[PDB]
Number of protein chains: 2
Amino acid sequence: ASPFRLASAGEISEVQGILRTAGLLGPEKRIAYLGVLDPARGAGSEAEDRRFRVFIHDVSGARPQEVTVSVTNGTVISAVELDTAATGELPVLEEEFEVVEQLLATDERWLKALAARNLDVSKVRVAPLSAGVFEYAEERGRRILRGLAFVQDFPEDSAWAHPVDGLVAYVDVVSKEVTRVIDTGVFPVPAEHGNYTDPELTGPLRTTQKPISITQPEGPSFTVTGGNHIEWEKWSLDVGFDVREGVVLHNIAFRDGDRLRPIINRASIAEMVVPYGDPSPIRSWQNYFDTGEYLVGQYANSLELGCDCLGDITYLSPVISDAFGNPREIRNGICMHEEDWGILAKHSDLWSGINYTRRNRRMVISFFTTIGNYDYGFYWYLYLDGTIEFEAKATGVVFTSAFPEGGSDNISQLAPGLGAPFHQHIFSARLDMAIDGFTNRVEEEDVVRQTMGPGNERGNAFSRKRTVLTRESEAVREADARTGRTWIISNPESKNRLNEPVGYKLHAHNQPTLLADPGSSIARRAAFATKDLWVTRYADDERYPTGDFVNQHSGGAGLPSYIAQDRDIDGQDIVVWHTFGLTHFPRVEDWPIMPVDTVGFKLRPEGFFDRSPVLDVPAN
Amino acid sequence: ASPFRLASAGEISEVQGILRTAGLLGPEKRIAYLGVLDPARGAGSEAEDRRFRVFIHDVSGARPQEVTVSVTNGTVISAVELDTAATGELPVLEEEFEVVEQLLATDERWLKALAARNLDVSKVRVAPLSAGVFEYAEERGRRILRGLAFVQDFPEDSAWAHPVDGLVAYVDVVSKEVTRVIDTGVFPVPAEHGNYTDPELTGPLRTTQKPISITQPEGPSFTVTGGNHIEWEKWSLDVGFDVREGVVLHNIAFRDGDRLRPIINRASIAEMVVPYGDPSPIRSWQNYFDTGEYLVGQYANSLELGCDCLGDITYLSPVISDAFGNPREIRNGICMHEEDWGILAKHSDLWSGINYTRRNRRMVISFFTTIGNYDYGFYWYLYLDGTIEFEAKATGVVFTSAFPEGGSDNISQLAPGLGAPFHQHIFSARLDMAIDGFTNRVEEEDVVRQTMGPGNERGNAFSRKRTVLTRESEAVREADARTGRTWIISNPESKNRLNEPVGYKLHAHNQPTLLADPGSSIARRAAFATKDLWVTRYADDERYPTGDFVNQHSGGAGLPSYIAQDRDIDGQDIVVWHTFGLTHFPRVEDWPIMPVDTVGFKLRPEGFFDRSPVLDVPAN
Ligand SMILES: [NH3+]CCc1ccccc1
Ligand SMILES: [NH3+]CCc1ccccc1
Ligand SMILES: [Cu+2]
Ligand SMILES: [Cu+2]
Ligand code: NA
Ligand code: NA
C-alpha cells in the first residue's frame, strides 16, 4: 500500500511493455538504468502515481533517451533525446565488460604488444575501466572505455597478481574501434601467484577457532510489514533499493511517546569516487565513480547465512531490470538483523546504593557489492539511544601494477616486482533532512579556547560557538579536527522542554578529502569530494552530487552548479551532503586479499529529546 | 611460574607481615598504594625477585614513606621519607571520602550557609574532590580536599539532581580543620529528581526487546594458563592488574609461523584527567586525575554475567591491598571473551569464479571502574588481522551545578534550574613498544599533495613523507587530521621479505587536546595532555606521564622533565605516550544517566607480516 514500497517484478514487466509499445525498446536498445521515482513533496494527495525513470542506450550509435513512465497510468510521461557530448554518457553496461577484451584480441597493435612480452592472448584479461575526460579531442561524444591487462595462468588463477604494465588501450564500444594503443615500455609480469585458496599459500588452515552461536529463541525484535517497512525499538523507516545508489533509507522516524517524530526523509550514498595517485601515463587517467558510472546496486552480492550475515537474519530480495527490461531478483541482497552492542548506560552510586546497568543494541541494514577487484559493504546502524551511523567496509583485491626498479613515490610494493598505486575511496552521503519536520537549519559548532584574564582568572574556561549557514554560497564547509568542529541540524520551530531548538549533531571522521590538484580533471568532475560538507535547498531534480550522467562528463555538474543558485537554507527544506573517505597507501598485509578497512560518520541527538530516550529499557 | 603473574593474597599477606615487623605499619599508618614491580630489563637471569612498591600514609601527621619490599627474600629493600611539599601528596584514601562531609557537618560556617538555604544538614552529601594547586599558600605541604554539596531528599535519591551552588569548602583531612568556606551567593537547589529507576520517570518499561543469545557450545577459543597468560588466535600476552592503572597488558606477541614475535612490551592507561571549563570560583579549580589521584583499579566493579559481560565469559578476580594490608579480592573484576566482528575479507572474482568470504573476530579484555558520579569502561581488543585497539567507554551521571539565570557560555542546561559544566575526559596511553624486539624508532607520516606540472601532468599524483624522530626533544608531536598524519613504530633491524623494516601504524582519533590556557595550573600539572604524542627512551622509574605523586603536585613532573634529557630514540628501547580524549558539552540526552560515549586509538600492522596474516582462517 505504501508509495515507498520496493519495485515489484510485475511493475518492471509493465515498464518493459510500455516502452516496447511506444517504440522505445527496439532490439538495438539497452536499458542502462531503471528506477522508481520518489513521491513529490506533498504526497498528502494519496493519489499514488508509481513512476519510473529509465535511461535507454542504443548499440547502433543513435542518440540515447531519458524516459519517465507511469506504471499507474500505463503511459509514457516524457522522453528526451540526449546529446551526450553535452550532458555526459550513459552508465557502463554490464555487457560492455567483455567487449573491451574481445576487440583488443584481434587488434594488430595489441597482439604486437602481447607478442613482445611472450604473452598468449588467450591468457590475457582486460579490465574495462571508465575513461574520464582528458586531452583526446576525438573522444568527445563517443562511448570510450580504457583497458588494462592482467594475465591469468589458468582459469582459476587470480589475474590481479599478474599486471601487464607499460601498456594501455582505448576502445570505442559503439563503433567497435580500438582508437589507441600505448606501449611505453616492457615491464616484467610479476610471477608469484596470489591465489588465497591455494593450500601452498595458506598453509594448513587453523583448527583453533571454536564456534560462536548467535540466536534469537523468540525471533527478532523488529517487524517488517508491506515488504520493506521496519519498526524496531521506537524506530520506523522504509528500506528502498535503487540500482544506482543501492540501499536507500526513507522516512526515518522515532516514536517519542505518542508522537512519531521525523528525523531524516531520505538517506543514501549518492556517489563514490576512487581516484588513483600514480602519475604514470598508463594509469594517471584512472578514476572510477562506482556509483555514478557503474551502478553499485546492480552488482550487489547474494549474502550467505552464517558467512556474510550471522544471527537471526531477515532478508530482502530486491528486483531490478536487466538490459532488456526483464526483472531479475537479487536473491538475499539485503541483510537485516539486530546486534548486541555492549553497555548502554551504567552507574553504581555511592550515596544511593543503586547499581544500574543497561545493555545497548543496534539494528543493522547492509548489502555488499562487487565491481571488478573491489568489494564494498554498506552498513546502516540504528541504536537504542537515537544515534544513526553509516559504515563503509572496503575489501577485495587491491588494483596492481609493476613495482618499478628503483622504487616509486606513488606506488607500494606488495610482492617481488608487484606494486599497488596509491589511491582514495571517497563517499558522498546525501541526507535529505527532516528534524521534526522540514523547517531545518545547519549550524557549524567549533570549540572556543579562552585566554587567562578577567572573568577567567584561573585560565580553565572554554566554550563553543555556533554559526548558522543561511545561504547556499556560505554552506560549503571544511573539517577542523583541531577545534572539534561538528555540524548541528536543528529545527528552529520545534523546541524541547528547555525551550531550545531540537537538533542532531553530525560527527565526521575528519579524514583527508580529495588530494588531486585543484586544476585536475578529477577535481572538476568530483568537486563534491574537495569539501567535507555541503548544504543545499531541496529540489526534485538535484539527486546526485556529480549530476545525472557522470560517465565522460567534463565537470562542474552537480553540487557546484546547485549551490550557485544561492538559495535560502535558514529554516527550510534542506539536504546535507557529507564527503568522507579513506586514503589508501597499500601495505603488504593487504595482499593477496585485503582485510576490511572502514570509514563512516554518525549523527547523535542534540537536545532532540527531553531527557535520555532509553530510560524505559529493561534489565536483561 | 611466570614473573608476570598476578599478585596473590599470600603475597599481600607477606608484605603486610614484613612491613609490620619493620615498624612501618603502626596503627597510625595507612597503605595508600600497593603494587607489584615489573621485572627489570634483563629478566633472562630467571632469578625471580617478586618485589612490591608501597606508599604509606600517616594519619597522625608524620611524613609518609615510599617502601620497596621483596616478597621473595622477605626483606625491606628501601624506605624513603617523603617531603610532600616538594614531591606531592599521596593518593586520596577511600576512608577520607566520608571525612569531608563529617567535618563540615559541625563547622559553624558550613551550618550557617546550609541554614540560609533551609537545608537539613542530614540531607546534604559532600563530594570529596582533589584540591589541585592554586593560590592558597597555607595549603602547601598539607593534605587538602575540597567539598561540593548535593542534597539527597531520601536515602535512595540521586543527589546529583540537587547541586548546592555558590558554596564550596576546603578541608585539611589530617588536622581535621575546615580551612575555608566560600559562599558567593544563594542559588535555588534544582527541584526535579533524577531517579532513573523511578517508574514515574521511566514510564512503563519496554516489552518489545527480544533476547539475543550468544553461546560457545564448544567453549572459547582462547586458553588461560598460569592464572593470567592468554593464548588466542596466534596472539599471546599476560593480563596484569595494578590498583592505580587497572588492567595492564604485558608481553603482547604474535606467533607468525614458528617465531613468537613481540609487538608491545607493556600497555596501560597511565593517567587520565578530567578538567572543567567553568570559570566560576565555585568550580574553576576542579580537575581530577582519576588514575593518579584516586587509583582507578581500586574502584573496579564486580561485573555481572548477562548484564555487564554477555556470552561465554572467563573472569579474572584480581587481588589488591586494603588500607591496612589485608588482601581483598575484586570478584569478577576483569571480563575476557571473544566476539564475532563481521566480515574479515571478501571477494567474488569475475575472472576466476572464486567466491571467498571470511569472518572476523576479536578478543575483548575489559573492566569498569566507578569514582563518584563517573563511570568508565576500559576495553582492549585483539583482532585476527593483527590490529590492536583500545576503547574507553564513558558513562555514569554528569557532574551538575545550577543553571544560572540568563544562561552561561560554559555550562549546559539539562533540566529547569540544572546545569552541567563543560569539561574534558583525557587519557594517556603508555605503550612500551617492542616491535620484533627492543630496537625501535618512530616516524611521523604525512600525506603529501603534489602540484600539477612536469612529472605530474594530469595533477593526480599524491605521495606521503616520513620523518624519523631521533631525539626526545623533537619527539613531542601534534595531530594533523587534514594531512592524514599517523605515526609508525618500526624496527630498522628487522626486515620483511621485501627488505623493508617491519612496523605498526598508530591511528589516532584526532580529538582536541587540553583546552585550558597554557599558563593555567592544569596545563602545568597535566602537560602530557597538551600534545597528542610523546616518545621517550625507556627507563625503570619513568612510569607515569604526571610523575609518581600527582595529588597537589605543583607541576612539571613526568613527561616534560623526562624529555629534557634529550636521549637517543632512533633504534632504541622506546616508550610511546598517546594523549586522546573527549570534549564533553553535556546534552539533555545525557540526563539523568548518560548513554555511553567512546574514544580510543588503534595500531595496525604496516609491513610487519610478509602477506596477509589471516590466509589460514577457515570458512565458517
Ligand atoms: N571499480 C570499477 C573499475 C573496474 C571494473 C571492472 C574490472 C576492474 C575494475
Ligand atoms: N572522579 C573523582 C571525583 C569525585 C570523587 C567522589 C565523588 C564525586 C567526584
Ligand atoms: Cu583501496
Ligand atoms: Cu563528561
Ligand atoms: Na529536507
Ligand atoms: Na620499548
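Residues numbered from 1 in each chain as written, not as in the entry; some residues may be left out. Chains lettered and ligands numbered in written order. Heavy atoms only, no water.

Per the deposited record, X-ray crystallography is how this structure was determined, to a resolution of 1.85 Å.

Draft legend 1. Representation of the coordination of the copper ion (ligand 4) within the structure. Residue and element names in this part refer to chain B. Around the copper ion (ligand 4), the protein supplies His423 (NE2), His425 (NE2) and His584 (ND1) as donor atoms, at distances of 2.0 to 2.1 Å. Between consecutive donor residues of the copper ion (ligand 4), the sequence gaps follow H-x1-H-x158-H. Placement of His423 in strand β26 (residues 423–433) and of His584 in strand β33 (residues 574–584) is noted, with a sequence separation of 161 residues between them. Taking the relative accessible area as the measure of exposure, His423 reaches 2% and is therefore buried. Among the residues examined, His584 registers a relative accessible area of 11% and is labelled buried. (Donors = N, O, S within 2.8 Å, 3.2 Å for Na, K, Ca; no water. Helix = DSSP H or I, 4+ residues; strand = E, 2+ residues; numbered from the N terminus. Buried < 20%, exposed > 50% of the residue type's maximum accessible area, 1.4 Å probe, protein only.)

Draft legend 2. Examining the interface of chain A and chain B more closely. The partner chain B presents 155 residues to the 155 residues of chain A that form the contact. For the chain A and chain B pair, buried surface summed over both sides reaches about 13400 Å², with 53% attributable to carbon and sulfur atoms. In terms of surface lost to chain B, no three residues of chain A exceed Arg206(A), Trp351(A) and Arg458(A), which account for 8% of the buried area on that side. For the pair chain A and chain B, the number of links is twelve salt bridges. Run the count over chain A and chain B and you get 80 residue pairs in polar contact. Split into classes, the residues belonging to the side of chain A that touches chain B amount to 70 nonpolar, 45 polar and 40 charged. Where strand β9 (residues 213–215) of chain A and strand β9 (residues 213–215) of chain B come together, three bridges link them in antiparallel fashion. Counted as the bridge partner of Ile214(A) is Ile214(B) from β9(B). (Contact = heavy atoms within 4.5 Å. Buried area = accessible area lost by both parts, 1.4 Å probe. Salt bridge = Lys/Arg side-chain N within 4 Å of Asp/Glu carboxyl O. Polar contact = N/O pair within 3.5 Å; in protein donor to acceptor, adjacent residues only side chain to side chain. Nonpolar A, V, L, I, M, F, W, Y, C, P; charged D, E, K, R; others polar. Pairing = 2+ DSSP bridges.)

Draft legend 3. Expanded view of the pairing of strand β11 (residues 229–232) of chain A. All names here are of chain A. Sheet topology places strand β10 (residues 223–225) next to β11; three bridges connect them, and they run antiparallel. Of the residues in β11, the one forming a bridge with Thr223 is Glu231. Where β11 folds back onto strand β12 (residues 235–242) in an antiparallel hairpin, the turn is made up of two residues, including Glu233, whose phi is positive at roughly 50°.

Draft legend 4. Structural context of the site of ligand 2. All names here are of chain B. Within the structure, ligand 2 sits among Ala127, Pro128, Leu129, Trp160, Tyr288, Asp290, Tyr294, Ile371, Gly372, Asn373 and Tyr374. The contact in question runs from a nitrogen atom of ligand 2 to an N or O atom on the side chain of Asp290, over 2.6 Å. Going through the elements one at a time, β5 (124–130) and α6 (290–294) are the ones with two or more residues in the shell around ligand 2. With three residues, the top contributor of residues to the shell around ligand 2 is β5. (Near = heavy atom within 4 Å.)

Draft legend 5. Representation of the environment of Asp242(B) within the structure. Residue and element names in this part refer to chain B. In this structure, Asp242 sits in strand β12 (residues 235–242). Sequence separation between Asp242 and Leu469 is 227 residues; the distance between their C-alpha atoms is 31 Å. Those residues within four positions of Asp242 in sequence are excluded, and the remaining contacts are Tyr33, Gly35, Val248 and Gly297. A polar contact of 2.8 Å, which involves the side chain of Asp242, links it to the backbone nitrogen of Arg244.

Draft legend 6. Region of the structure containing the site of ligand 1. Residues and elements named next belong to chain A. The immediate surroundings of ligand 1 are formed by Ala127, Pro128, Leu129, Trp160, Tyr288, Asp290, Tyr294, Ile371, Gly372, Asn373 and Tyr374. Coverage of ligand 1 by the protein chains reaches 100% of its 280 Å² of free accessible surface. Where the shell around ligand 1 is concerned, the elements lending two or more residues are β5 (124–130) and α6 (290–294). Counting residues per element, the shell around ligand 1 draws most heavily on β5, at three residues. A per-class count over the shell around ligand 1 returns eight nonpolar, two polar and one charged. (Areas by Shrake-Rupley, 256 points an atom, 1.4 Å probe, with all protein chains shown as cover.)

Draft legend 7. Here's a closer look at the sheet that holds strand β23 (residues 401–402) of chain A. Spatially, the three strands line up as an open sheet ordered β23-β25-β24 (chain A), and their pairing is antiparallel. The open sheet is flanked by β23 and β24 (411–415) of chain A, the only strands paired with a single partner.

Draft legend 8. Just the environment of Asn440(A), in detail. Residues and elements named next belong to chain A. Of note, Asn440 is situated in the loop between β26 (423–433) and β27 (441–449). Of the residues examined, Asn440 reaches a relative accessible area of 0% and is grouped as buried. Here the alpha-carbon distance between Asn440 and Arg497, two residues 57 residues apart in the chain, equals 19 Å. Residue contacts for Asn440: discarding those within four places in its chain leaves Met433, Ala434, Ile435, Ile489, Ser490, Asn491, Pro492, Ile569, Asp570, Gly571, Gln572 and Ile574.

Draft legend 9. Quick look at the coordination of the copper ion (ligand 3). Coordination of the copper ion (ligand 3) by the protein is provided by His423(A) (NE2), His425(A) (NE2) and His584(A) (ND1), with metal-donor distances spanning 2.0 to 2.1 Å. One chain supplies every donor to the copper ion (ligand 3), and in sequence these donors are spaced H-x1-H-x158-H.

Draft legend 10. Examining the pattern of salt bridges more closely. Residue and element names in this part refer to chain A. Enumeration according to the criterion identifies 106 salt bridges over all chains in this entry. One salt bridge connects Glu606 with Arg464, and the closest N-O pair in it is separated by 3.9 Å. On the criterion of sequence distance, the pair formed by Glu606 in the segment after β34 (594–605) and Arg464 in strand β28 (residues 462–469) is long-range, its members being 142 residues apart. Grouping residues by exposure puts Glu606 and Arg464 together as buried. Residue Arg471 pairs with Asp566 through a salt bridge whose shortest N-O separation is 3.6 Å. Linking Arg471 in the loop between β28 and β29 (476–477) with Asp566 in the loop between α8 (559–563) and β33 (574–584), this pair joins segments that are 95 residues apart in sequence. Judged by its relative accessible area of 22%, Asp566 falls in the partly exposed class.

Draft legend 11. Region of interest: helix α1 (residues 9–21) of chain A. Residue and element names in this part refer to chain A. Over its 13 residues, α1 runs 18 Å from end to end, which matches the ideal 18 Å to within 8%, given 1.5 Å per residue. Looking only at α1, the buried set comprises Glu11, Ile12, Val15, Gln16, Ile18 and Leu19. Projected down its long axis, α1 carries its buried residues within an arc of 165°, all on one side. Within α1, the exposed residues directed more than 90 degrees away from the buried face are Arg20 and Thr21. (Expected span 1.5 Å × (residues − 1). Arc of directions from axis to C-beta.)

Draft legend 12. Representation of the domain arrangement of chain A within the structure. Residues and elements named next belong to chain A. Per the domain assignment, the segments of chain A are domain 1 (1–87), domain 2 (94–195) and domain 3 (196–619). Look at where the C-alpha atoms of domain 1 and domain 3 centre, and you get two points 29 Å apart. On the side of domain 3, 32 residues touch domain 1, which itself brings 26 residues to the contact. Carbon and sulfur atoms supply 54% of the area buried between domain 1 and domain 3, which totals about 2300 Å² over both sides. Contact with domain 3 buries area across many residues of domain 1, yet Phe4, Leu6 and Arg41 alone supply 29% of it, more than any other trio. Counting across the domain 1 and domain 3 interface gives four salt bridges. A salt bridge links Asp432 to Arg41; the nearest nitrogen and oxygen atoms lie 2.9 Å apart. Our count for the domain 1 to domain 3 interface comes out at ten residue pairs in polar contact. At the level of secondary structure, the elements contributing two or more residues to the side of domain 1 that touches domain 3 comprise α1, β1 (29–36), β2 (51–58) and α2 (84–87). The greatest single-element share of the side of domain 1 that touches domain 3, amounting to seven residues, is contributed by β1. (Domains from an automatic or database assignment.)

Draft legend 13. View of the sheet that holds strand β6 (residues 144–151) of chain A. Residues and elements named next belong to chain A. Reading across the sheet, the four strands line up as β5-β6-β7-β8 and stay open at both edges, with antiparallel pairing between neighbours. The outermost strands of the open sheet, each flanked by one partner alone, are β5 and β8 (177–183). Each neighbouring strand pair of the sheet contributes to a mean axis angle of 30°, computed without reference to strand direction. The sheet contact formed by strand β7 (residues 163–172) and β8 spans six bridges and is antiparallel. In the sheet register, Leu167 faces β8, and the bridge partner there is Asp183. Across the sheet, helix α3 (residues 96–105) is in contact with β5, β6, β7 and β8; its angle to β5 comes to roughly 125°. This element, helix α4 (residues 108–116), spans β5, β6, β7 and β8 of the sheet and lies at about 30° to β8. (Axes fitted to C-alpha atoms, helices over the stretch in contact; angles between N-to-C directions.)

Draft legend 14. Here's a closer look at the environment of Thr467(B). Residue and element names in this part refer to chain B. By the element assignment, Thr467 lies in strand β28 (residues 462–469). The class of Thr467 is partly exposed, set by a relative accessible area of 34%. Taking C-alpha positions, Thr467 is 32 Å from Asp38, a pair spaced 429 residues apart along the chain. With residues up to four places along the chain from it excluded, the contact list for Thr467 reads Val442, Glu443 and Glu444.

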